[PDB]
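*Asks:* Attaching a single structure in structure tokens format; questions to follow.
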Amino acid sequence: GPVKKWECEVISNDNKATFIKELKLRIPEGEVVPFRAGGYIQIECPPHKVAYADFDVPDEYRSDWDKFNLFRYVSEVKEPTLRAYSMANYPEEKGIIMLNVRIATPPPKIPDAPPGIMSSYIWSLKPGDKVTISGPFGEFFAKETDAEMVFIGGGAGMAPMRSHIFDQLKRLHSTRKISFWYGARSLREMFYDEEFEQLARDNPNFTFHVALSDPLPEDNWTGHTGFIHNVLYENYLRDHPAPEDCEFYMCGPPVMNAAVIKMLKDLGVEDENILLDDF
Ligand SMILES: Cc1cc2nc3c(=O)[nH]c(=O)nc-3n(C[C@H](O)[C@H](O)[C@H](O)COP(=O)(O)OP(=O)(O)OC[C@H]3O[C@@H](n4cnc5c(N)ncnc54)[C@H](O)[C@@H]3O)c2cc1C
Ligand SMILES: Cc1ccccc1NC(=S)NCc1ccco1
Numbered sequence: 127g128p129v130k131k132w133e134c135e136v137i138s139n140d141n142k143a144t145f146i147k148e149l150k151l152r153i154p155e156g157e158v159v160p161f162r163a164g165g166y167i168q169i170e171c172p173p174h175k176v177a178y179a180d181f182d183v184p185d186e187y188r189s190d191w192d193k194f195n196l197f198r199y200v201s202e203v204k205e206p207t208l209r210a211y212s213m214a215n216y217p218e219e220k221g222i223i224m225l226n227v228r229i230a231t232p233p234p235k236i237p238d239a240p241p242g243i244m245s246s247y248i249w250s251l252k253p254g255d256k257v258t259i260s261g262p263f264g265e266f267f268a269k270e271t272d273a274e275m276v277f278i279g280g281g282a283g284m285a286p287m288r289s290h291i292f293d294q295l296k297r298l299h300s301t302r303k304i305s306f307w308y309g310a311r312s313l314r315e316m317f318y319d320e321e322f323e324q325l326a327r328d329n330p331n332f333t334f335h336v337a338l339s340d341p342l343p344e345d346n347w348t349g350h351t352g353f354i355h356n357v358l359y360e361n362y363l364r365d366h367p368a369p370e371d372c373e374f375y376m377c378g379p380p381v382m383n384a385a386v387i388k389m390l391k392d393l394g395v396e397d398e399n400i401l402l403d404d405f
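Sequential numbering of the sequence shown, starting at 127, is according to the deposited numbering.
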């Protein structure tokens, strides 16, 4: 039972945030990748050498790239490798595989480490390039109950978050109470917000909340500030009659995963009601 593979063509590879690209791949026509919301594929790369200076980083994000001297990096790979990336589209969005891919730069305290192999390769891709994906795979699946669902996301965790939420509202036509809580550093780091706002207008049972930890003055931000674990508690769980009866679905950067799960455990939520997708 060898894993299925598809050679896909790159449609677009646009920044959605300073350090996240939306890689959109065209599935070969007439074919289906039979994935589930929350699932993922693997991408492979050939041997290559790519310069960060050749990345298509748009106007709104170049100042930070220049500030951290990121355009100097080069990534050289002599052997093919594989990495997993989660679908941001949901299964009824046919014909494409949408990914959200964080650029895995060298650590700040070890800035001369090799850049991340597969994310650097992905960020080098241009429309018309070909990439081979394999799978699909999955473990981060929704529980099918009537319980309230609480989705918490950060960074590239937006991908399974979007997949899950669209799957509930558009394919399952779910009437369950569903809320999505997304933490980001500032306004330019938020994406897909218009989609979720439209979903909230069309689905009374769905609500969407963004917390910005470090909003810029020019963001003109009057929404919630701080970290998403505190915003979720202070603006919702603190007067929820029974948070323990909720299903929590977590996917963010490690610091956010830990802080949210600690908050939930401190509320008495049982491990069985907390599902984590750790990238
Ligand atoms: C099921 C699953 C789903 C995932 N979904 C997503 C997703 O949707 N989006 C996403 O962006 N990621 C996702 N990930 C993570 C993804 O698979 C990769 O791990 C990620 O892209 C980084 O891989 P890389 O090849 O770019 O970096 P790697 O080459 O694996 O390097 C990782 C980090 O280590 C650093 N490093 C390397 N060598 C050294 C050294 N000597 N000293 C110090 N530091 C060093 C690199 O600079 C880099 O920051 C997922 C992972 C899993 C398991
Ligand atoms: C990681 C991250 C990404 C985007 C926006 C904010 C954050 N920071 C977080 S979630 N910090 C958690 C926290 C606060 C105190 C202890 O842990």
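Don't be surprised by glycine CBs; every beta carbon is placed ideally from N, CA and C.
Determine the extent of the beta strand (DSSP E) in which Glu-133 is found, giving its start and end residues.
*Replies:* Taken as a continuous stretch (DSSP letters only), the beta strand (DSSP E) holding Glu-133 covers 131-143.
*Asks:* How long is the line joining the alpha carbons of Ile-153 and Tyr-216, rounded to whole angstroms?
*Replies:* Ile-153 and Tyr-216: Cα-Cα distance of roughly 14 Å.
*Asks:* May I have the straight-line CA-CA distance separating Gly-264 from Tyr-178, to the nearest angstrom?
*Replies:* Going by the C-alpha atoms only, they are around 31 Å apart.
*Asks:* Using CA coordinates, which residue listed in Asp-397, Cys-171, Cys-372 is at the minimum distance from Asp-272?
*Replies:* Checking every option, the nearest Cα to that of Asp-272 belongs to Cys-372.
*Asks:* Less than 7 Å between the CB of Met-316 and some heavy atom of ligand 1, yes or no?
*Replies:* Outside the cutoff, so no.
*Asks:* Sort out for me which residues DSSP pairs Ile-400 with in a bridge.
*Replies:* According to DSSP, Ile-400 bridges with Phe-374.
*Asks:* To the nearest angstrom, report how far apart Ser-339 and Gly-352 are at their CA atoms.
*Replies:* One C-alpha to the other measures close to 4 Å.
*Asks:* Leaving aside the five residues before and after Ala-163 along the sequence, list all residues of the same chain whose C-beta is less than 7 Å from its C-beta, in chain order.
*Replies:* Correct list, in chain order: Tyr-216, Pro-217, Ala-268, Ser-289, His-290, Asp-293.
*Asks:* Going along the chain, which residues of its own chain have a beta-carbon closer than 7 Å to the beta-carbon of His-174, five neighbours each way excluded?
*Replies:* Counting only Cβ-Cβ distances below 7 Å, and skipping sequence neighbours, we find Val-203, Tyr-247.
*Asks:* Thinking just about the alpha-carbon of each residue, which of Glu-315, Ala-384, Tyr-362 is nearest to the one in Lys-147?
*Replies:* Considering only alpha carbons, the answer is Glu-315.
*Asks:* Quick one: measure Cβ to Cβ for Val-159 and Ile-223, integer angstroms, because I've assumed they're closer than 8 Å.
*Replies:* The Cβ separation is near 6 Å, so the contact holds.
*Asks:* Between the region 165-172 and the region 199-214, do three or more beta carbon pairs fall short of 8 Å?
*Replies:* Judged by Cβ distances under 8 Å, the region 165-172 makes contact with the region 199-214, as three or more pairs qualify.
*Asks:* Indicate, with yes or no, if ligand 2 has a heavy atom lying under 7 Å from the CB of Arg-228.
*Replies:* No, Cβ of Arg-228 sits at least 7 Å from all heavy atoms of ligand 2.
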